[PDB]
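[1] sharing the initial chains of the complex here, in place:
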Amino acid sequence: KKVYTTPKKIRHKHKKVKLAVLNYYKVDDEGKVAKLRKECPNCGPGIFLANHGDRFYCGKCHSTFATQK
């Protein structure tokens, strides 16, 4: 068989990068539990849309939300 040449690139996948987990919430003056980031209109509170620079995609819907806010 032919001599293996290979033209570079030994790529990999997204290994997740585990950040903080519960950073999309705030708890203040004893008992209160206030929400950070807009909750998903497709499926209610628990799943909250990712807020970027006019980019509003989901996780359970995986991608299906794009409208401006």
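    Yep, it's here. Numbers count the residues shown, from 1 in each chain, chains lettered A, B, ... in the order given.
[2] not counting its neighbours along the chain, what's nearest the residue most central in space within chain A?
    The residue lying closest to the centre of chain A (C-alpha atoms, centre = their mean) is residue A:50, at 5.7 Å. Spatial nearest neighbour of residue A:50, excluding adjacent residues (C-beta to C-beta, 6 or more residues apart in numbering): residue A:57 at 5.4 Å. Every residue, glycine included, has its C-beta placed from N, CA and C.
[3] same structure, new chain, call it chain B:
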Amino acid sequence: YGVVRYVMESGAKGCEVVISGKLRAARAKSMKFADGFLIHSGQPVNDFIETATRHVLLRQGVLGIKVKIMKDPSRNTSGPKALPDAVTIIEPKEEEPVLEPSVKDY
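    Okay, chain B now, added to the rest:
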């Protein structure tokens, strides 16, 4: 040999066992163990001769076992009761004929 003996006991006209493959040493050979009658050619082959081919797997290579049995034509149940070439004639009966006319009457 044992197989052949068994076949004989079962009352078959002939047995032919071919064992093909590597039976000691790499260079392989088909050994042939036979007894009795056997036919080979013609339509009486599919009538009386029953065949079997099974390949045996061993950790150095494959064997192939080919077994033929020539069933007795007389013990047939359904189909022809002999080989087509076999012609056997019946025996005549004894005669003391002449002894001059006479008539049996009722």
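[4] and the gap between the residue nearest to the centre of chain A and residue A:59?
    The spacing between residue A:50 and residue A:59, counted by C-beta to C-beta, to the nearest Å, is 8 Å.
[5] ditto for residue B:28
    Noted for residue B:28: a distance of 64 Å to residue A:59, by C-beta to C-beta.
[6] the longest helix in chain B is where?
    In chain B, with assignment by DSSP state H, the single longest helix is helix B:2-10.
[7] next up, RNA strand C:
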RNA sequence: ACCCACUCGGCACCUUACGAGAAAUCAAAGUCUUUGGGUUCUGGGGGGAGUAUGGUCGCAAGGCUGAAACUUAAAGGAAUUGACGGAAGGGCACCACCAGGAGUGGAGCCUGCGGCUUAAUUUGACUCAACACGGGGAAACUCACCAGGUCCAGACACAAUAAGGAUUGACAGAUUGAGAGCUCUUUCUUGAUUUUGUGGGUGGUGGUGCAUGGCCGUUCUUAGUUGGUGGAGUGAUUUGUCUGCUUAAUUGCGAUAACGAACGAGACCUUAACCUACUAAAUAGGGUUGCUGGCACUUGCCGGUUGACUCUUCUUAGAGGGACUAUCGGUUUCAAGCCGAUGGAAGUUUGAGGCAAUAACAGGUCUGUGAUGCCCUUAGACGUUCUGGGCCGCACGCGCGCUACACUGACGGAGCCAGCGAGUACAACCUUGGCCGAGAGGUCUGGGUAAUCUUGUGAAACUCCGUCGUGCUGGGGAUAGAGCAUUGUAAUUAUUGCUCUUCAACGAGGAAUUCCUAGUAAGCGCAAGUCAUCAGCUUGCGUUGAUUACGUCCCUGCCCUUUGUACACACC
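    If we add RNA strand C to the chains shown above, we get the following:
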């Protein structure tokens, strides 16, 4: 001089050995383990070597005499079955040749295989027995190759994270060939499935057919092969299994230390032929007869209708029968058989096949296999899966084929006849009939899971009358150019179908060499096979249908017999 009979001596010879001998053979090579008549000479595995040396005899060449070191597991003898022979005999075969036919090799083209070329142009096979073969007619798939990307289909075992997350998912654009989250921008999801290593595997159109199976091909579809007694040999062996004549045949008649047998051949089975004899039919065909269409017009002729009734010749297919070389005539040990009539559906094994022995081949397949050993490989995989390309490239060799080089034609009409087939409901099969289109094709409708519909597959070659009459001409059709269709996701590297145009090579093919003996050769289509689409290929099938042997070893190959052999890995 013969002739007969006897007799001593000689050169030999023939048959038997009851004796010898390893046997070939031997009246001595006998009277030898049942060993002694008298004597002379010579040998003690093969080489080294009739050499070295010393004598001696020779004019000389040489002779007589004659070692050893060292080397070596054999050298040899007689026979055996093979194999082979530029030995001698006898067979057989259109894969031999005659008598002929049809040709290929020449030409243009399809298409195999080289060689070259290439990122790759994937490989397997190279006399018959590789070369339109791998059912190999590749647009991707196939796919084994190449340029690139994607995925885990990394079992299970043991461990590091063990949820403050193991880890799955990811639109928008740059990313990328790319509505591949391939990822890098991201920060939303996912919940212990897993991932990171180490044991361990699994997949591989990876490798080896020289490790194998199975299948096949070939010796060989040739007539060959074997054992039980008996005979001959000390034995391997041999005879049976053969001088002849026969046959397609070790098929027989025969001859005979063999006799009777088995496998193969034959028998068989499938098919193709005949059946006014059965058994049958509105899924076959008829008859009369209803109604009915056209005729002459007398009753008569051709029709359309599953309207009645009946029939089975043709039809299909069940059960039978029938040919056994029958009858006769020749010819031959008056045998087996062969030849000629005659009758017959049938007289080449009645035609054609299917099956097909003993022994084999380092024949071909590990690219048919969840047939497979071992080796390689095993997450930048030789697993895969997408994407494009390649298998199809051309100075060139050869291998099957198609088309043709015309007047036995060509082109136009018109006439107008087949047999094998195949064919869908979960798909998209075969597809009449009606309209649209010069075509190709559309379209609407159908009929058919089929002796029912396609289909009477009204197929070609053909036959009838016409146009050109032998000029690379209206022979011939290659390249081309443009359009219109069709299949498919995709047609440039024309898939293919059609339309107009273009009109190339070739006036029957050298050295060679294939196939063939009767419904055969050859001509001509059709058909299934692959197939979404593509036929110059293939298994069948019909249609048209000859010429010439009815033989022989001259060539070629095979077989046997006799011989020779120092070969038996067998003349490479």
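[8] could you see whether RNA strand C lies near the longest helix of chain B?
    No: judged by C-beta under 7 Å from any atom of the strand, helix B:2-10 stays clear of RNA strand C, getting no closer than 14.9 Å.
[9] and the angle from the helix or strand that that helix is followed by to helix B:2-10?
    Remark: after helix B:2-10, the chain's next helix or strand is strand B:14-20, criterion DSSP states H and E. If you take axes from the mean of the first three to the mean of the last three C-alpha atoms, to 10 degrees, strand B:14-20 sits at 160 degrees to helix B:2-10.
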